[PDB]
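The lines below spell out each chain.
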Amino acid sequence: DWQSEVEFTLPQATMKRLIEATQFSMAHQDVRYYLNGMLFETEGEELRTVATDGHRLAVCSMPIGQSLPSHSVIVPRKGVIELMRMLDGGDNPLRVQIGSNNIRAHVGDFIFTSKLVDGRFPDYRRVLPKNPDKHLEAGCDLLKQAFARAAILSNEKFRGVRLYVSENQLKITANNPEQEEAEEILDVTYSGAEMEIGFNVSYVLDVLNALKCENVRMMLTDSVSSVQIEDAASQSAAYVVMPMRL
Amino acid sequence: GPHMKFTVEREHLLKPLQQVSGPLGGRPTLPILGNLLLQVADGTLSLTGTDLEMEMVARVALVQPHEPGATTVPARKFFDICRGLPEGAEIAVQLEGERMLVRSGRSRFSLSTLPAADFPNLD
Amino acid sequence: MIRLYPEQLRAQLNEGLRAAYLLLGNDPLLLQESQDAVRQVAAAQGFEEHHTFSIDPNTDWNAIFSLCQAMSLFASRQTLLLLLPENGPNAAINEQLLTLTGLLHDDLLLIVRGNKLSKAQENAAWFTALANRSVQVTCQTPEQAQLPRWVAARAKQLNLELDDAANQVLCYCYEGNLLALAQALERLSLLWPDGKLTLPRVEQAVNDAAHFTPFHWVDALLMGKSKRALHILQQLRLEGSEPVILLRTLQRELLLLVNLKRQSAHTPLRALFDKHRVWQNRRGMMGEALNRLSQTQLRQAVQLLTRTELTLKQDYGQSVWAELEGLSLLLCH
Amino acid sequence: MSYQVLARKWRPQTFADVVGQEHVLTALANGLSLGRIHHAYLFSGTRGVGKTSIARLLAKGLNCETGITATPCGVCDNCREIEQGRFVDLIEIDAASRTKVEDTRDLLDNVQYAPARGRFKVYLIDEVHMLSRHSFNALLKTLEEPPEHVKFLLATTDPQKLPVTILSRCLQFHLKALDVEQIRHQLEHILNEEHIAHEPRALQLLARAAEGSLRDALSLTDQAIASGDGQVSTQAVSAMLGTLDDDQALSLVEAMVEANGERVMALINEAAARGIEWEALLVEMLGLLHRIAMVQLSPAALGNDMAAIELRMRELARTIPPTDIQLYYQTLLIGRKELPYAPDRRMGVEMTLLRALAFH
Amino acid sequence: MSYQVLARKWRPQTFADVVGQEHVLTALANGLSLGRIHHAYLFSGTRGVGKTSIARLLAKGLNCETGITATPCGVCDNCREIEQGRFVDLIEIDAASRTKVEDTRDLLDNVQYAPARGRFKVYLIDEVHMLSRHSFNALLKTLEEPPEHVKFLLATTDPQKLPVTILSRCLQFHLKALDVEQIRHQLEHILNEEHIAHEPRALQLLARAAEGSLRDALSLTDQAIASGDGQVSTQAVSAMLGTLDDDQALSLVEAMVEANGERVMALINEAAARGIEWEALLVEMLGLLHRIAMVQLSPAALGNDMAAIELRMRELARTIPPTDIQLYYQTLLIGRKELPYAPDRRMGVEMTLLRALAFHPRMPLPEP
Ligand SMILES: Nc1ncnc2c1ncn2[C@@H]1O[C@H](COP(=O)(O)OP(=O)(O)O)[C@@H](O)[C@H]1O
Ligand SMILES: Nc1ncnc2c1ncn2[C@@H]1O[C@H](COP(=O)(O)OP(=O)(O)O)[C@@H](O)[C@H]1O
Ligand code: BEF
Ligand code: BEF
Ligand SMILES: [Mg+2]
Ligand SMILES: [Zn+2]
Ligand SMILES: [Zn+2]
């Protein structure tokens, strides 16, 4: 017995990209039960996948070419992990079935079934900063290498880096409970006021890993608001990192 | 002055660091036994690692300008910095106060270190 | 076979080493000394090296069995020491021991060390296999009655003159701890080469290292020795023994004693003891306790024991030792 | 301007500088001089009694160019390297840190290798009673046949938890807790050498508060000097010991028995300033009364736990009839029963003591 | 604006600020002046007496850039990042997360490292009694002798749970609970410094309400300020605490003593309309009764407060023998304990008072 509220006929590589964009920013056994999963949203010809845990947000909004009614459901962490475990990089036309309570996927010769979390996912639109005035655009690989270099001495129990933004140079500074300092400098093109902003280097590195592009743009508002990260030449997926207190 | 000056490409430093990393296990009996003894003298760098039972020392010739000195640095830290640099990186390690300053282009690290004279007694 | 005591093994060992020796007892010191004597005599007679193996559920029986047929390249003779578990052998270990007994030869001075085996373990194939020529040495700890004689005899053996007061003090401080007792005798001999260990000379060089079991305290209560009972409680508490087991043994024997006292006016003490399966060595002690203890004292003891158990089992467990000392004092009036 | 801590600055360096434990020192000297040293020495005493100091001195005697002897030398290489804590093969292990059988096995893999310096490879394990049973068995197995230049030194505060079999492998020494006289004399010598003005009564108070441990005496001396600007008078030590006083229940029992209302009020106010829980105070008061009753029944009812205040307890048992003890116990029992529903318990305990005082 | 909480804003930052604890203040100042700085400290006291704050002050004094001064001297960099909560030399460690020896060993193997821009690496192991015995004996060696640059500050509420061995190798300092006068003085300081009008009676009631700590006093003062509109009054404080007007409970105990029923009924049914919880009426009556009992014990036990009704305290003490006071207190205590099972709380209080009346030692209720 099944009433398909929302039916997708979508390439399996497309949803592979969608989930891989937002899989890492997910809550594991969090107190907020509605966050222990991932939001599937449907808006016209656009499919959106949102995932957050209170410190990260990852939204991937991709057109599919087929128009569907707007909808929003939450699939638990186990279901999406199982889907990724089963999803491959082929050409089989995947078929998503969205009902009132369950998620189903016909994938070539396999069927994936799961329940849905009974809750309302938070509105991601207000999480995104509303004044993305400052822009840091730099090569993705250079940023990844610099962050990994600064995170070499960072501990698992203390993982966090401070970004000093200046006229051109971007400084990444990392400390540790052992009280030893690491510093990296980059020639990112920028124009704005000097600022200091602290984030967990693991989350930023995961965001960069999710972006397989030549360069990225970070949108910044002030020292206490969240930072957005996006492809400098595409708007298919955006990421939000909440700053840490210093 | 009291600044052990050291400068080498990472290619000639990766293998000797791994060689002297043998005795360095999980938990050393003494605290300083979890470190590496670095000595710049006579145009040569000596890397020493001991387990209070076995010692392994690797020597590398030094061509860059230097200042003689000796210091005991964290084992896995120093190895992680040395390995994490891009290929062909020119590591410049200096001694400021009680800190190893590892500089490479735009990359700067300030590691905490133990006195050289406190490394057992290899005499 | 040949069942002996530590004072007889020294004479027996000069008559020719046997195929196997079984050191049985609960006293670590007697077992250690007998094993040392056996090893020394073996070394005198040509046994150079010795091998030690503790019997564990993961015992390398193949290693030991090969050792039975393991010859000696540079060595000539060999012994083989086995350390029995605290509970003795079972089916598998006893079958392995039977095979080992079948593997004895001119060499292999098999030495077996552990605690005394039960009657069921007594009637076993391995035990009967070496039952012709093996030497068994009983190494049980001397009890309260025979401890002063034993310590006096050892002091005479160690060329040390001891007094009755010093003997009593050494028995009191190191009861059940004869390892510490021999160490104390050696320390006193070293400190005073004179050998005349007066009371002050031993009062200044001993510490309360005695070890007791709950049955020792139960017997102290039955005999009525309040001081000995309190000393046993102190030693048990310092050892960290759980008070619950003390309360359990107290409850069991106190209920038996209450039944006996209730039935005393009906049936003579002999038949009552016989029906309740009372061991002969403690029948006199329990009869003395029944004669000394009144029904009112028994009721008060039951009341105090019940209050103590209620305090313990309600997860409080606070100052249970004070209640135990109160019960000990009450039962010794 | 060093002004270092007097605890370690005054650790003994030669056996003649150790206070007390005379029989142990004689036995060690006799073993070092004429006899053959036993393959393992275990030490058992109280906190701050000298255990680790004696073990370190014995290790100094073991490794020295003068040879294995009691009083080897002064300022030698090995003796100095031990005194500075920089000696290589003087392994110092905390048993609680290495209770694991795997860590213990790794520790016991080092005995085979020869010492780096000196003669004997000395292991010094502190609080050995906390080793796991498997680790303890492994230690016994390595102690039965140690190498000819490998020796073990073990220390523990409570030897009662050690299995009896440890006596089969190592020679044990028990260090007696120092009395008031020895502690007072050693503190007097320390103060005289450090040029610290002091009074004999202050030293007596420090020694009595030490409760047998010389480390406790040294710590209290440091606190007294810190508060008194070096001038260690009787009043200063008395006041700063009163700040640390926790015998409130015993003093309450003594004063309530003596029908001293003002003393009980002052003591209960002091206990309130101490921030002590009232239910715990009342239950330990009940325990003190019960102990008095038991020691009245038989002198052996007391143990070494109350060997700090046993004099006053004996006097209370002698002077107080058992009927008064029963009445006071009943009064305190009903007071504890009614305490939760009373007003703020600071005054409920007061009024229970009032009811107790009413029986005058 | 923001008005950072009194405890957070008005935390002491100098030995000229800490009220009370004269012994530990003198010890720290004198030892720092003489340069005899022990490596292990044990601040022991009840909650909110100043162990953490005094420890931070000592850490400030040790690592002033100007020099080693008794009090935290001219607040330089190190001191001001200390007061901001930022690390210069303060490794603040909760003992609840490092009870296991597997973490204490990790703590110990990091101690042998020079501090950054500081003269010491000051360890603040709070709630130190929560460690495990294995951890205690593991850090025993480091306590006996740490590196020259490592200092240990241990703070805990119950020193009895500590093993005697670690207790030996620590300077013990016990912090007594602050008196009500000192608490009221501090609260008056705070309210004068915050430009908020205050009433002496309200401050006295707040100081009594705090059980000897200034943290509870400050939280209660913040609650009273919230109850008002930036001021504290007797009405606001009494409503916050729930304590009634002493005249009411005192008239009720007087009428119970005088053994008249009509006055008792009038007092109780007037107190019903005042919105005072009945159990607190019983608690106040019992508190008063014990107060007269203590007055009987000694004139020392009156209280600096209760002056408005002190004459009547003394008169009741003179008139009533101690046995009657004990009887009344026992009756009221039993009634309060029985109150939850009464048909109504007012019903229970009324029946308890009537029971005290019926069993009156001198004027019992007339019987048929
Ligand atoms: N017999 C003693 N002679 C001299 N100092 C002692 C003695 N006993 C204890 N101490 C002092 O106490 C400090 C710690 O002593 P320690 O021997 O470690 O006690 P513990 O028995 O508890 O391990 C020593 O540095 C020393 O100053
Ligand atoms: N001696 C004191 N002087 C002034 N304020 C104090 C004192 N003791 C406690 N306080 C108040 O309590 C707050 C917290 O005190 P704190 O020192 O944390 O107590 P604790 O010893 O329990 O950690 C402080 O901000 C201060 O307002
Ligand atoms: F080092 Be001791 F046992 F206090
Ligand atoms: F540190 Be306190 F007990 F609030
Ligand atoms: Mg010790
Ligand atoms: Zn020497
Ligand atoms: Zn400063």
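What counts and how
- Residues numbered from 1 in each chain as written, not as in the entry; some residues may be left out.
- Chains lettered and ligands numbered in written order.
- Part of a larger assembly, values for the part shown.
- Heavy atoms only, no water.
- UniProt positions renumbered as here; feature names shortened; annotations may be inferred.
- Contact = heavy atoms within 4.5 Å.
- Buried area = accessible area lost by both parts, 1.4 Å probe.
- Salt bridge = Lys/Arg side-chain N within 4 Å of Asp/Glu carboxyl O.
- Polar contact = N/O pair within 3.5 Å; in protein donor to acceptor, adjacent residues only side chain to side chain.
- Helix = DSSP H or I, 4+ residues; strand = E, 2+ residues; numbered from the N terminus.
- Nonpolar A, V, L, I, M, F, W, Y, C, P; charged D, E, K, R; others polar.
- Near = heavy atom within 4 Å.
- Areas by Shrake-Rupley, 256 points an atom, 1.4 Å probe, with all protein chains shown as cover.
- Domains from an automatic or database assignment.
- 1 Å grid on protein atoms, 1.4 Å probe; cavity = no way out; pocket = protein on both sides within 12 Å on 5 of 7 lines; lining within 4 Å.
- Points joined across faces, edges and corners; volume = space filled by probe spheres on them.
- Axes fitted to C-alpha atoms, helices over the stretch in contact; angles between N-to-C directions.
- Parallel < 35°, antiparallel > 145°, perpendicular 65-115°, else oblique.
- Left-handed = near helix turned anticlockwise from the far one by under 90°.
- Buried < 20%, exposed > 50% of the residue type's maximum accessible area, 1.4 Å probe, protein only.

The record lists cryo-EM as the method behind this PDB entry and 3.0 Å as its resolution.

The name given to chain E in the PDB entry is DNA polymerase III subunit tau, with the source organism recorded as Escherichia coli. Looking at the header, the entry is titled "Structure of the E. coli clamp loader bound to the beta clamp in a Fully-Open conformation". The UniProt entry for chain E carries the following comment under Catalytic activity: "DNA(n) + a 2'-deoxyribonucleoside 5'-triphosphate = DNA(n+1) + diphosphate". According to UniProt, the comment filed for chain E under the heading Sequence similarities is "Belongs to the DnaX/STICHEL family."

Per the PDB entry, chain C carries the name DNA polymerase III subunit delta and comes from Escherichia coli. Word for word, the UniProt comment on chain C under Catalytic activity is "DNA(n) + a 2'-deoxyribonucleoside 5'-triphosphate = DNA(n+1) + diphosphate". In its Sequence similarities section, the UniProt entry covering chain C states "Belongs to the DNA polymerase HolA subunit family."

**Q** How would you summarise the interface of chain C and chain D if you had to cite specific residues and measurements?
**A** If you look at the interface, chain C gives 28 residues, while chain D gives 27 residues. Buried surface at the junction of chain C and chain D, summed over both partners, amounts to about 2300 Å²; 53% is from carbon and sulfur atoms. Across the chain C-chain D interface, the total number found is 2 salt bridges. Run the count over chain C and chain D and you get 9 residue pairs in polar contact. Of all the secondary-structure elements, those providing two or more residues to the side of chain C that touches chain D are α2 (28–44), α9 (178–191), α12 (226–239) and α17 (320–331) of chain C. By residue number, the principal contributor to the side of chain C that touches chain D is α12 of chain C, which donates 8 residues. Residues belonging to the side of chain C that touches chain D are distributed by class as follows: 11 nonpolar, 10 polar and 7 charged.

**Q** A description of the site of ligand 2 should follow, citing residues and the corresponding values.
**A** Residues and elements named next belong to chain E. Near ligand 2 lie 16 residues; those nearest to it are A7, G48, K51, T52 and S53. Separating an oxygen atom of ligand 2 from a side-chain N or O atom of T52 is a distance of 2.7 Å. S53 places a polar side-chain atom, nitrogen or oxygen, 2.7 Å from an oxygen atom of ligand 2. Bound to the protein, ligand 2 loses 96% of the 550 Å² it would expose on its own. Only α3 (51–62) and α11 (214–227) provide two or more residues apiece to the shell around ligand 2. Taken domain by domain, the makeup of the shell around ligand 2 includes at least three residues from each of domain 1 (3–178) and domain 2 (179–241).

**Q** Hey, could you go over empty space enclosed by the protein for me, with residue numbers and the actual values?
**A** Applying the stated criterion across every chain, the model contains 16 cavities of 30 Å³ or more. Taken as a whole, the largest cavity holds about 180 Å³ of empty space. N177 and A209 of chain C together with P159, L167 and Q172 of chain D are, among the 17 residues lining the largest cavity, the residues nearest its centre. Every element with two or more residues in the lining of the largest cavity is listed here: β1 (40–44) and β5 (171–174) of chain D. Looking at the lining of the largest cavity residue by residue, the class counts come to 9 nonpolar, 7 polar and 1 charged. Here the second largest cavity defines a volume of roughly 120 Å³. Around the second largest cavity, the lining is made up of 17 residues, and of these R36, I37, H38, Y41 and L171 of chain E lie nearest the centre. Listing elements by their share of the lining of the second largest cavity, those giving two or more residues are α9 (214–228) of chain D together with α2 (22–34) and β5 (171–175) of chain E. The biggest single contributor to the lining of the second largest cavity is α2 of chain E, with 4 residues.

**Q** Break down the packing of helix α11 (residues 248–257) of chain D against helix α12 (residues 261–274) of chain D for me, citing the residues and quoting the values.
**A** All names here are of chain D. Interaxial distance between α11 and α12 falls to 9 Å at its minimum, and their mutual angle equals 165°. Our classification of the angle between α11 and α12 gives roughly antiparallel. Seen from above, α11 lies across α12 with left-handed handedness. In this structure, α11 contributes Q248, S251, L252, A255 and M256 to the contact, and α12 contributes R263, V264, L267, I268, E270 and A271.

**Q** Which residues make up the interface of chain D and chain E, and what values do they have?
**A** Counting from both sides, the interface comprises 47 residues of chain D and, opposite them, 46 residues of chain E. Interface area, chain D with chain E, both sides summed: about 4600 Å², of which 56% is carbon and sulfur. Applying the counting criterion to the chain D and chain E interface returns 3 salt bridges. Close ionic contact of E145 of chain E with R8 of chain D constitutes a salt bridge, the shortest N to O distance being 3.1 Å. Summed over the shared surface of chain D and chain E, the result is 14 residue pairs in polar contact. Elements with a contribution of two residues or more to the side of chain D that touches chain E: β2 (90–94), α9, α10 (234–243), α12 and α16 (345–358) of chain D.

**Q** Tell me what's going on with the domain arrangement of chain E, and back it up with residues and numbers.
**A** All names here are of chain E. As far as domains go, chain E holds domain 1 (3–178), domain 2 (179–241) and domain 3 (243–368). The C-alpha-based centres of domain 2 and domain 3 are spaced at 28 Å. In total, about 500 Å² of surface goes out of reach between domain 2 and domain 3, with carbon and sulfur atoms giving 31% of it. Summed over the shared surface of domain 2 and domain 3, the number is 3 salt bridges. Put simply, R201 and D305 hold a salt bridge, and the shortest N to O gap is 2.6 Å. At the junction of domain 2 with domain 3, the criterion picks out 2 residue pairs in polar contact.

**Q** Provide a residue-level description of the side chain of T104 of chain E, including the pertinent values.
**A** Residue and element names in this part refer to chain E. With respect to the helices and strands, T104 occurs in helix α5 (residues 101–108). Residue classification places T104 among the buried positions, given a relative accessible area of 2%. Separated by 3.2 Å, the side chains of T104 and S135 make a polar contact. Filtering out sequence-adjacent residues up to four positions away, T104 remains in contact with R98, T99, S135, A138 and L139.

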